[PDB]
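Analysis of the macromolecular model
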Amino acid sequence: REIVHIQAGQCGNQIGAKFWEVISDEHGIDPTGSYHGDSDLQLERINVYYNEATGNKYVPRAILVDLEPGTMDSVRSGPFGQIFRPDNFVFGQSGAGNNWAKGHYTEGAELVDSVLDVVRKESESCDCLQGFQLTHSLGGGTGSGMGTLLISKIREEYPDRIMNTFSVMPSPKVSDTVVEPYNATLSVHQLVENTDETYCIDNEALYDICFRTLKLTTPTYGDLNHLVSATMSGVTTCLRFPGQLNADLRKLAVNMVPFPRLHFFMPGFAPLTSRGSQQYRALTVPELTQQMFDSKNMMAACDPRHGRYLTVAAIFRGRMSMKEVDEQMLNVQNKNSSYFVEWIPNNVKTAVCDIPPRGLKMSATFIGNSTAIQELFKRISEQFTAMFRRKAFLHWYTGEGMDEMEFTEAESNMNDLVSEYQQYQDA
Amino acid sequence: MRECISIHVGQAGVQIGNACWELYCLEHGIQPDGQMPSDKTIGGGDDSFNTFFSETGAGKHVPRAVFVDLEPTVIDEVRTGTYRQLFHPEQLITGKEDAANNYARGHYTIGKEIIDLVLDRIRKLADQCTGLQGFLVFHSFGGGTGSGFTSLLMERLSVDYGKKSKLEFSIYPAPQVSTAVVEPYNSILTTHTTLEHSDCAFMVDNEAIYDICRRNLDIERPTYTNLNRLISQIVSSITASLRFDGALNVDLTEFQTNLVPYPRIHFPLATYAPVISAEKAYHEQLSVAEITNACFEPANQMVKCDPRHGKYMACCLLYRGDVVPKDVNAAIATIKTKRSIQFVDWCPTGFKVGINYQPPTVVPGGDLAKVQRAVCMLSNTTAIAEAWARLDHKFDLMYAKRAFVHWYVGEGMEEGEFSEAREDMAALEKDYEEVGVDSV
Ligand SMILES: Nc1nc2c(ncn2[C@@H]2O[C@H](COP(=O)(O)OP(=O)(O)OP(=O)(O)O)[C@@H](O)[C@H]2O)c(=O)[nH]1
Ligand SMILES: Nc1nc2c(ncn2[C@@H]2O[C@H](COP(=O)(O)OP(=O)(O)O)[C@@H](O)[C@H]2O)c(=O)[nH]1
Ligand SMILES: COc1ccc(N(C)c2nc(Cl)nc3ccsc23)cc1
Ligand SMILES: [Ca+2]
Ligand SMILES: [Mg+2]
Ligand SMILES: [Mg+2]
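Residues numbered from 1 in each chain as written, not as in the entry; some residues may be left out. Chains lettered and ligands numbered in written order. Part of a larger assembly, values for the part shown. Heavy atoms only, no water. Residues with missing side-chain atoms left out of burial classes, pairs and counts.

The record lists X-ray crystallography as the method behind this PDB entry and 2.37 Å as its resolution.

Description of the overall build of chain A
Here is the rule we go by: The numbering of helices and of strands both runs from the N terminus, where a helix is a DSSP run of H or I of at least 4 residues and a strand a run of E of at least 2. Contacts: residue pairs with any heavy atoms within 4.5 Å of one another.
A count of helical and extended segments in chain A gives 14 helices and 12 strands. With respect to the principal axes defined by its C-alpha atoms, chain A has extents near 60 × 55 × 45 Å. Sequence separation of at least 24 residues holds for 82% of the intrachain contacts in chain A that already meet a minimum separation of 6.

A word on the site of ligand 3
Residues and elements named next belong to chain A. Our working definition: A cutoff of 4 Å decides nearness: a residue is near a molecule or strand if any of its heavy atoms lies inside that distance of it. A 1.4 Å probe and the Shrake-Rupley method give the accessible areas. Residues count as covered only by the protein chains that appear here. Charged residues are taken to be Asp, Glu, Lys and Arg, nonpolar residues to be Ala, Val, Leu, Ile, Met, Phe, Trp, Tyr, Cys and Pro, and polar residues to be all remaining types, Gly included. Residue ranges for the domains trace back to a domain assignment, done automatically or taken from a database.
Looking at ligand 3, there are 14 residues lining it, with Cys 238, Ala 247, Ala 314, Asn 347 and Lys 349 nearest. A total of 460 Å² of accessible area belongs to ligand 3 in isolation, and the protein chains cover 93% of it. For the shell around ligand 3, the secondary structure elements donating two or more residues are α8 (237-240), α9 (249-256), β10 (309-317) and β11 (348-353). Here the element with the most residues in the shell around ligand 3 is α9; it accounts for 4 residues. Of the residues in the shell around ligand 3, the class split is 10 nonpolar, 2 polar and 2 charged. Two domains each put at least three residues into the shell around ligand 3: domain 1 (1-258) and domain 2 (259-372).

Digging into the sheet that holds strand β12 (residues 363-370) of chain A
Residues and elements named next belong to chain A. Selection criterion: The rule for pairing is simple: two strands pair if DSSP sees at least two bridges between them. Only the contacting stretch of a helix is used when fitting its axis, a line to C-alpha atoms as for every element, and angles between N-to-C directions run 0 to 180 degrees.
The strand order across the open sheet built from 10 strands is β5-β4-β1-β6-β7-β8-β9-β12-β10-β11, with neighbouring strands paired in mixed fashion. Each end of this open sheet is capped by a strand with a single partner; those strands are β5 (89-91) and β11. Put simply, the sheet's adjacent strands are angled 20° from each other on average, direction ignored. With 3 bridges connecting them, strand β4 (residues 62-66) and β5 associate as parallel partners. Note on β5: the bridge partner recorded for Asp 66 is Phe 91.

What to know about the sheet that holds strand β1 (residues 4-9) of chain B
Residue and element names in this part refer to chain B. Read across the open sheet, the 6 strands follow the order β5-β4-β1-β6-β7-β8; overall the sheet is parallel. In the strand order of this sheet, the two ends are held by β5 (92-94) and β8 (200-205), each with one partner. Direction aside, the axes of adjacent strands within the sheet are offset by 15° on average. When strand β4 (residues 65-69) meets β5, the two strands line up parallel, connected through 3 bridges. If you follow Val 68 over to β5, its bridge partner there is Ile 93.

Some thoughts on the site of ligand 1
Residue and element names in this part refer to chain B. Where we set the bar: What qualifies as a polar contact is a pair of N or O atoms within 3.5 Å, subject to a donor-acceptor requirement within protein and to the restriction that residues adjacent in sequence count only when both atoms come from side chains.
By nearness alone, 25 residues border ligand 1, and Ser 140, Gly 144, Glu 183, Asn 206 and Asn 228 come closest of all. Note that an oxygen atom of ligand 1 is positioned 2.7 Å from one of the side-chain N or O atoms of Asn 206. With respect to ligand 1, the side chain of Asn 228 contributes an N or O atom lying 2.6 Å from a nitrogen atom. Protein contact buries 97% of the 640 Å² of open area that ligand 1 shows by itself. Elements supplying a minimum of two residues to the shell around ligand 1: α1 (10-28), α5 (144-160) and α8 (224-243). A per-element tally of the shell around ligand 1 places α1 first, with 5 residues. Tallied by class, the residues present in the shell around ligand 1 amount to 9 nonpolar, 14 polar and 2 charged.

Details of the interface of chain A and chain B
Rules: By convention, the term buried area covers the 1.4 Å-probe accessible surface removed from two parts as they join, with the contributions of both added. What counts as a salt bridge is simple: a side-chain nitrogen of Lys or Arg found within 4 Å of a carboxyl oxygen of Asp or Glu.
Opposite the 19 residues of chain A that make contact, chain B presents 21 residues. Between chain A and chain B, roughly 1,600 Å² of surface is buried when both sides are summed, and carbon and sulfur atoms account for 56% of that area. Counting the contacts that link chain A with chain B gives 2 salt bridges. Notably, a salt bridge pairs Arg389(A) with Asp345(B), separated by 3.8 Å at the nearest N-O pair. Connecting chain A to chain B are 12 residue pairs in polar contact. Where the side of chain A that touches chain B is concerned, the elements lending two or more residues are α12 (374-388) and α13 (395-398) of chain A. Looking at side-chain class alone, the side of chain A that touches chain B contains 8 nonpolar, 7 polar and 4 charged residues.

Here's the deal with the pairing of β8(B)
If a strand is regular, its side chains alternate between the two faces of the sheet. Residue and element names in this part refer to chain B. Let me state the cut-off plainly: Buried means the residue's accessible area, taken with a 1.4 Å probe over protein chains only, is under 20% of the maximum for its type, while exposed means over 50%, and partly exposed covers the values in between. A right-handed crossover is one whose linking path, passing over the helix from the first strand to the second, runs clockwise when the strands point away from the viewer.
Extensive coverage of β8 is indicated by the burial of 6 of its 6 residues. The two faces of β8 match: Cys 200, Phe 202 and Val 204 on one face and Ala 201, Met 203 and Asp 205 on the other face are all buried. As a crossover connection, the stretch from strand β7 (residues 165-172) through helix α6 (residues 183-194) into β8 is right-handed.

What about a nonpolar patch on the surface?
Selection criterion: Candidates for patches are residues over 30% relative accessible area with no salt bridge; among them, like charges are joined within 9 Å and nonpolar side chains (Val, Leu, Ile, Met, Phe, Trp, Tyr) within 5 Å.
Residues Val181(B), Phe404(B) and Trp407(B) make up a contiguous nonpolar surface patch of roughly 320 Å² in combined accessible area. Looking at the element boundaries, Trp407(B) is found in helix α14 (residues 405-409).

A short note on the packing of α5(B) against α6(B)
Think of two packed helices as two axes; the pair is described by the angle between the axes and how far apart they sit. All names here are of chain B. What counts is decided by this rule: Note on terminology: angles under 35 degrees are roughly parallel, angles over 145 are roughly antiparallel, angles of 65 to 115 are roughly perpendicular, and the others are oblique.
Following both chains from N to C, one finds α5 and α6 inclined at 10°, their axes separated by 9 Å at the closest point. It follows that α5 is roughly parallel to α6 by the angle criterion. Of α6, the residues touching α5 (which contributes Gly 144, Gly 146, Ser 147, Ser 151, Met 154 and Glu 155) are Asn 186, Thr 190, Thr 193 and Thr 194. Each residue belonging to the contact of α5 with α6 can be placed in one class, and the counts come to 1 nonpolar, 8 polar and 1 charged.

Spelled out as structure tokens, the structure:
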């Protein structure tokens, strides 16, 4: 059951590269693609994410995409950059200028067939393709505009495969341009229709965590991406390793999404750690459980107590008592039962994996489908309309052939998404 | 790639081009003969400085530039000056009769005789670009060539290079150093004709630059050379992101996204600091907080106007030298509490920041002290429309009596071109009023 990974644009390729660094280390693959590994749990499901090449090398099933060559050069210059298959670098030259319209309609359209050709080659070698995972931001032009263009075309050619994304939401606290709310809103409209699951990675939350919890005065994208790579490693655990669950992307979708459009997840992680500085006391299973459910550990800047959990998936990594894990997980639900919808019985499922992530003896990763995610979309909707009511900065988009009407439809669809999440928060 | 071609038009544009390219050579280690010892890429390369310089097989680094004037006097000094070997002779274009301070002669009578040759030379530069990004056009508002030939060229460039980016550095007239009484006419005519063909235009008010040289450099009566050394420092700050690499470098085109909310509102206010004499910089280092603060002191603006009585639609900070984001963020936070920075209600209030580590260079024998860190702020403020108001008023005093209009009519222009141009300016001044009004 092979997954095809695609990373698009500046943010997509930077968090994409970190993800492949991190899970390669967990599976015992070095920058050359060779396995110098301790345990054999590391290789049992290694084919979900890695093609095997002659000479027992492991090559990521990864495609790197950008309309601008710069950050893909840095990836190839990067530590594990030599592990990626060079044919799977697909890039243009003109960039996207932080413009969804250029990524989606004019620049990205010129390049998208070359990417689909690379997607096809990787898929035809798959015994049974699960589907795809895309890393991208929603605030730029390439990951957002061309990424959602790729999703739409991938769906046309593979309509029975699962589409999963890790989507980084823009925040004024960590912001490149004023038009991010425009790019994000146009993208969400695409994500609502064309993904089965998207992890909402909120740059607001990543910033708040670094500043407040990790006491990092001036957080860089490097500090943000340490959080992102830890979250990506955790939420993938049950796809990559053998366990009592043996999950795949479709089963995750079936068990997490009660209504098709409500497929946007708040990820959570514990313990929260900053890069480089290690702390030497492991948590207790009781500590892991409380931190993973704490709003201060959510990667989407929403208060869970402002909504209800439709479904939750939790994964505990490290050598620990599964009895204690079970008791602590039962404890949080029984003590906080009002925050779990009563009409989905037993909507919390826990998995355990023996292999911990690098640098931690124990970790807990949280995947929540909460109606509180609507706060994220409301925040973006306010920033959109603040400019849109004066049609501010629109010429960047009408200059690529876009119409105001398209902005009105995307805003209206995202408002409907907020309404639907509100509908189930009271039931 | 991503090459930029510079076009220097008329006296002011040519002479400012001299200052700028001299400063660029010093910043990149390019000698007057065009040799650059640290460039190991002989005859080519995709380095950052290659956006502004091409390379010959003989190792010569050549400005991607064209100098055009309708008379030979000013460009002849480039042909015989310190940097003559830098330019290929075909890059330096001269006619024989200037525009005689008359937009109609720059645009029609004299200008039309040389425009095709100028576009042939520009085309030869574009054909050497693998990724041409656009043009930087330097000229005065007030000269006959800077106004009339520039607008003719901008029109022809839109035809020949679609909507390829076109940026302007425009010298706004001041009585202290102006040369003609009809400069208000030429300014309004060229602003009107060029408005649709320009994406972004940096106005430099000669009175603001003249005051800064007098106040901060203790120059009793500044010359063009004094003004241009300061102006080239500002131009260098704006183009530094295109010409240097950097982890914290932010591309000028990314600032443009923020600076231009509507096509016609494309005139950023530039403020530069520190401008300080050697005598005063001695044993006196200016911190990130001090130079940032100075960007909100109106006396340091490139255009006289009062942003304290206007509204902001964008605010960008371009740092160069020994600056780290932590100092910048600290300086901004205190400034927000202590200063009159009111944004329009439809745009976000954050400040966009770029840092290039290469510290500022000074021309030997100049007046500026060499400093460790400098900053250019680029703000979209409704206040910049005051400069339009002053010019439109001067235009109105003369035009009501039709004073001097016969010199333009005698070259084939019609009165309707004047009123059409003045109406566009009135609508521009009104555009700036409307963007500042609260939403409903
Ligand atoms: N900052 C600066 N401004 C200049 C310089 N030279 C001329 N100007 C300004 O330009 C205005 C007149 O335009 P010019 O460029 O001199 O005239 P021109 O472009 O040669 O066009 P012609 O009238 O045909 O000669 C004056 O108001 C000056 O203030 C200069 O070297 N530096
Ligand atoms: N967390 C994180 N966010 C990023 C990173 N790089 C860019 N972003 C976000 O992505 C947005 C910019 O879009 P970007 O991906 O750079 O444009 P693109 O090159 O067209 O894909 C900004 O709002 C940033 O907040 C990164 O390394 N980490
Ligand atoms: C709400 O009930 C459920 C929620 C999710 C699942 N499935 C399929 C998972 N898939 C992956 Cl990949 N990881 C995890 C980790 C914990 S559950 C889980 C099963 C039941
Ligand atoms: Ca070179
Ligand atoms: Mg970016
Ligand atoms: Mg002249």
